[PDB]
Protein chains: 2
Amino acid sequence: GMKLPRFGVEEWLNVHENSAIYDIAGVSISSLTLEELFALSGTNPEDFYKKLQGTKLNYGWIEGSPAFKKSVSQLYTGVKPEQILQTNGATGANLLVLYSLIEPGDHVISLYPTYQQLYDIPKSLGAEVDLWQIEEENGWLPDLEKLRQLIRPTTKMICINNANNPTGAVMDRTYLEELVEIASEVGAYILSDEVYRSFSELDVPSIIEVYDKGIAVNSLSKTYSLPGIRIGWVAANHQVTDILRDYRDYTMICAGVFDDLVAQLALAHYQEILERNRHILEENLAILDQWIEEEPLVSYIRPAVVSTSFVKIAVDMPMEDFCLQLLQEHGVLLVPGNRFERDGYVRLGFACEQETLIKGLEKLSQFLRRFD
Amino acid sequence: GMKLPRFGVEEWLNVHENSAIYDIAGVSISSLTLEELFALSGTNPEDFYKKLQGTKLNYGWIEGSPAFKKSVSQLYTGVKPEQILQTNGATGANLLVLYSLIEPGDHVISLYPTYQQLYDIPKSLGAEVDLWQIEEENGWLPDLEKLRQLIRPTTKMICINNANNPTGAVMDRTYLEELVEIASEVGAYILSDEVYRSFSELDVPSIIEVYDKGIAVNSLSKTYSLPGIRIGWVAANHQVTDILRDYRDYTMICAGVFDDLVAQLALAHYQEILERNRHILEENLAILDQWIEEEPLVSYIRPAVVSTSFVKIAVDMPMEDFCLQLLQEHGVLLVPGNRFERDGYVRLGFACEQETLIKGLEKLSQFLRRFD
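- Its PDB header names X-ray crystallography as the technique used to obtain the model and reports a resolution of 1.7000 Å.

This is the structure:
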């Protein structure tokens with residue numbers, strides 16, 4: 001539509017996901033079953049079902065359970081449970097933040113390309129949105145000097161995605177502190193969608209650990225392998241949290257009763273999930289790295305050990321056509337770079353089943369021999 | 001905020017719900033537990049858990065399961081499964097419709113007062129919104145002659161809530177057909193939030209059964225006693241459905257895996273849920289009716305056997321103050337009428353536990369003896 005464009009990755013997936021033989025387009029980490037979650041957590045399934053079975057499926061915990069709020073707060077330094085609001089995924093959290101806070105005429109600066117919510121939602125609300133461009137020559141980070149040129153006395157909000165979708169690149173503490181010093185000149189909020197926790201050795205604090213006006217969005221979908229419960233949160237200062245609480249009936253009311261119950265269990269054993277997911281990330285990333293070095297037509301900036309990557313394909317044809325042809329001919333699904341307004345690249349999600357990765361890559365290399 | 005006001009009922013409930021001794025403010029029907037749903041459906045709990053336990057909690061059925069789409073389609077005449085999109089509640093469905101379709105400058109007419117999404121979302125998107133005023137003198141229905149005065153050659157959408165929140169009043173087929181004839185003059189969509197299925201004997205078709213450009217929003221929350229799974233849908237023509245599919249990543253991505261599984265089960269036994277809920281509605285409404293006739297300071301237009309009512313209190317004080325005092329002094333929670341811009345009334349949800357209704361009413365009558 002006019003002030004709200006179709007969601008580009010979504011439209012691509014809607015059309016092509018059912019045609020995929022080897023799906024390396026998703027950017028999550030191999031999802032958990034309840035069975036696997038019980039096993040890694042040491043939970044007795046029968047006790048869980050007994051509790052569930054007798055719970056009224058009313059609106060439940062409007063803002064998330066006390067255990068949810070406490071466990072989430074504990075993932076951060078210096079954040080109280082009262083600063084946590086449960087949402088339907090990081091999706092619902094980004095929407096709740098932007099819809100609640102952004103007014104017509106507000107100036108907003110968004111990392112770009114990045115997750116499409118972060119720039120198109122504010123545009124749709126009448127914001128004036130400037131794009132803060134990532135630079136492949138600088139590790140896919142945008143230029144803080146350019147940010148100083150874009151910011152205005154009245155800038156309301158800067159949106160970032162850390163680590164970023166599609167690149168997997170991360171701003172570390174030193175970078176974030178400089179970003180914060182710039183935002184602090186004008187009292188701008190910084191909304192940081194943090195679904196991609198780096199498993200690298202970099203020091204990567206949450207925005208809210210470096211800035212009082214940092215608004216952290218996160219979820220159990222990408223780092224914790226539970227997209228199917230649709231549980232995320234916003235972490236913000238008391239003032240922001242108090243504003244947001246009065247707008248959740250426009251978008252969600254609340255998240256689900258069972259969904260929150262599973263979230264409580266997952267968060268109570270988050271370190272076990274991280275350990276599972278570290279192995280998948282490191283082993284699959286090593287496979288991707290080896291392949292990238294072996295294949296002369298592809299190269300990339302290695303992601304900060306998160307489940308998204310953005311691979312540069314040295315072939316002179318639009319990537320949408322390249323990916324359509326690869327799909328038709330070999331059944332391999334990628335997301336082409338033009339869907340992020342950076343053609344010449346494809347988004348490759350590698351933290352899927354290792355077998356599917358290997359075959360996908362093998363078949364991609366087969367396709368690439370057609371262009372030498 | 002400026003183009004998006006706080007959600008009025010929400011703010012009231014956020015502040016006061018924890019102070020309630022006798023909560024007669026919710027407008028749902030006594031929620032089900034999974035145990036009760038298994039019992040009324042004749043399901044073996046162990047089979048359900050076995051299926052659930054081994055299901056990957058990935059993104060699952062993006063648009064809802066095939067069983068969900070088919071069972072929902074079957075609630076209507078002349079609607080195919082492909083016309084159904086699952087959402088996170090009716091909340092998510094209303095938002096998805098408005099956010100997808102409404103453009104800045106669009107003219108939209110909304111029933112008023114009604115569910116706040118239906119008029120404030122379009123305003124927030126830059127629509128010009130006219131209010132089509134319900135008339136207590138005419139059974140809380142708005143005047144079709146006035147609609148003919150408000151409509152314009154380019155009117156994009158008319159929003160209704162059938163039955164309406166807070167009044168419980170319903171437009172029957174004869175009324176709807178006349179509404180449709182007016183909308184058809186200009187090709188306006190009619191969005192109808194239909195969470196409140198009347199249990200009356202009136203002929204009340206869905207908007208989509210009387211109009212090709214009718215967009216039906218519904219859910220399992222109000223009629224089917226399952227708010228805690230957060231499952232709703234939109235039913236629309238093929239063209240509208242195709243538009244909406246490309247905007248769900250702004251708001252939800254999808255609803256939950258377990259949530260859809262429970263929805264499949266509930267819809268497969270919807271008639272059993274209706275039978276349960278008919279008894280609760282009729283028995284509690286008879287209690288409310290008797291009380292209204294016995295209490296000389298209260299009167300109302302009896303709702304069309306749905307779980308919301310709007311009671312006129314013949315006391316000369318703002319209802320927000322009246323309800324605050326009733327809450328402080330007797331612990332009875334209502335929603336005051338000023339939260340719907342009709343002071344002099346309170347919204348009373350009567351399809352709660354019958355015991356809580358009776359005590360709430362008893363205590364309300366105690367409070368009312370202070371004003372004779």
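**Topic: the pairing of strand 14 (residues 345-348) of chain A**
Residues and elements named next belong to chain A.
Now for step 1: The side-chain alternation of strand 14 yields two buried faces, one formed by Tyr-345 and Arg-347 and the other by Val-346 and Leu-348.
Now for step 2: Direction of pairing for strand 11 (residues 309-313) relative to strand 14: antiparallel, over a ladder of four bridges. Within strand 14, the residue paired with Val-311 across the bridge is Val-346.
Now for step 3: As paired elements, strand 13 (residues 335-336) and strand 14 share two bridges and run antiparallel to each other. From the neighbouring strand, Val-335 faces strand 14, where its bridge partner is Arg-347.

**Details of the domain arrangement of chain A**
Residue and element names in this part refer to chain A.
Now for step 1: Segmenting chain A into domains produces domain 1 (1-57 + 272-367) and domain 2 (58-271).
Now for step 2: For domain 1 versus domain 2, the distance between C-alpha centres works out to 22 Å.
Now for step 3: At the boundary of domain 1 with domain 2, total buried surface from both sides reaches about 4000 Å², with 63% on carbon and sulfur atoms.
Now for step 4: Across the domain 1-domain 2 interface, the total number found is one salt bridge.
Now for step 5: Here domain 1 is connected to domain 2 by 30 residue pairs in polar contact.
Now for step 6: Counting only elements with at least two residues in the side of domain 1 that touches domain 2, the list comes to helix 2 (34-41), helix 3 (45-53), helix 13 (270-294), strand 11 and strand 14.
Now for step 7: For the side of domain 1 that touches domain 2, the per-class residue count stands at 23 nonpolar, 11 polar and 12 charged.

**Focus on the sheet that holds strand 5 (residues 141-142) of chain A**
Across a sheet, strands are paired by hydrogen bonds formed along the backbone, either parallel or antiparallel in direction.
Residue and element names in this part refer to chain A.
Now for step 1: Reading across the sheet, the eight strands line up as 2-9-8-7-6-3-4-5 and stay open at both edges, with mixed pairing between neighbours. Whereas interior strands pair on both sides, the edge strands pair on one side only; in this sheet they are strand 2 (84-87) and strand 5.
Now for step 2: Along the sheet, helix 5 (residues 89-101) makes contact with strand 2, strand 6 (157-161), strand 7 (189-193), strand 8 (214-219) and strand 9 (232-235), crossing strand 8 at roughly 155 degrees.

**A look at the packing of aromatic side chains**
Now for step 1: Evaluation of the coordinates by the stated rule reveals 36 aromatic pairs over all chains.
Now for step 2: Here the aromatic rings of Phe-38 of chain A and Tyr-49 of chain A are separated by 5.7 Å at their centres, their planes lie at 85 degrees, and the arrangement is edge-to-face. Here the residue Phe-38 of chain A occupies a position in helix 2, and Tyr-49 of chain A occupies one in helix 3, the gap between them amounting to 11 residues.
Now for step 3: According to the relative accessible area criterion, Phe-38 of chain A is buried, its value standing at 3%.
Now for step 4: Between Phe-367 of chain A and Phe-371 of chain A, the aromatic rings sit 5.3 Å apart at their centres with planes inclined by 75 degrees, giving edge-to-face as the arrangement.
Now for step 5: Residue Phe-371 of chain A is classed as partly exposed on the basis of its relative accessible area of 30%.
Now for step 6: Taken together, the ring pairs in this structure connect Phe-38, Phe-48, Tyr-49 and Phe-258 of chain A together with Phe-38, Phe-48, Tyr-49 and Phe-258 of chain B into an aromatic cluster.
Now for step 7: Looking at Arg-197 of chain A, its charged tip hangs above the ring of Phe-199 of chain A, at a distance of 4.8 Å from the centre.

**Focus on the relation of the copies chain A and chain B**
Now for step 1: In the superposition of chain A on chain B (RMSD 0.0 Å, axial shift 0.0 Å), the rotation amounts to 180 degrees. In short, the pair behaves as if placed about a two-fold rotation axis. Scanning chain A for the C-alpha nearest the rotation axis identifies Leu-125 of chain A, at a separation of 2.9 Å.
Now for step 2: Both copies contact each other with a shared surface, as 100% of the interface residues of chain A are interface residues in chain B too.

**Regarding the side chain of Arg-347 of chain B**
Residues and elements named next belong to chain B.
Now for step 1: Mapped onto the elements, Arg-347 comes out in strand 14 (residues 345-348).
Now for step 2: No salt bridge is formed by the buried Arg-347; its nearest oppositely charged neighbour, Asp-23, is found at 8.0 Å.
Now for step 3: At 3.0 Å, the side chain of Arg-347 forms a polar contact with the side chain of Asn-165.

**Observations regarding the sheet that holds strand 14 of chain B**
All names here are of chain B.
Now for step 1: The strand order 10-11-14-13 describes an open sheet built from four strands, whose pairing is antiparallel. Only two strands of the sheet have a single partner each, and these edge strands are strand 10 (298-300) and strand 13 (335-336).
Now for step 2: Note: strand 10 against strand 11 (residues 309-313), three bridges, orientation antiparallel. Its bridge partner being in strand 11, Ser-299 is matched across the sheet by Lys-312.

Calculation notes
Residues numbered from 1 in each chain as written, not as in the entry; some residues may be left out. Chains lettered and ligands numbered in written order. Heavy atoms only, no water. Residues with missing side-chain atoms left out of burial classes, pairs and counts. Buried < 20%, exposed > 50% of the residue type's maximum accessible area, 1.4 Å probe, protein only. Helix = DSSP H or I, 4+ residues; strand = E, 2+ residues; numbered from the N terminus. Pairing = 2+ DSSP bridges. Domains from an automatic or database assignment. Buried area = accessible area lost by both parts, 1.4 Å probe. Salt bridge = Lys/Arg side-chain N within 4 Å of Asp/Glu carboxyl O. Polar contact = N/O pair within 3.5 Å; in protein donor to acceptor, adjacent residues only side chain to side chain. Nonpolar A, V, L, I, M, F, W, Y, C, P; charged D, E, K, R; others polar. Contact = heavy atoms within 4.5 Å. Axes fitted to C-alpha atoms, helices over the stretch in contact; angles between N-to-C directions. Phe/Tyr/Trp six-rings, centres within 6.5 Å; stacked < 30°, edge-to-face > 60°. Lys NZ or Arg CZ within 6 Å of the ring centre and 35° of its normal. Least-squares fit on C-alpha atoms. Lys, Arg positive; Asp, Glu negative; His and termini not counted.

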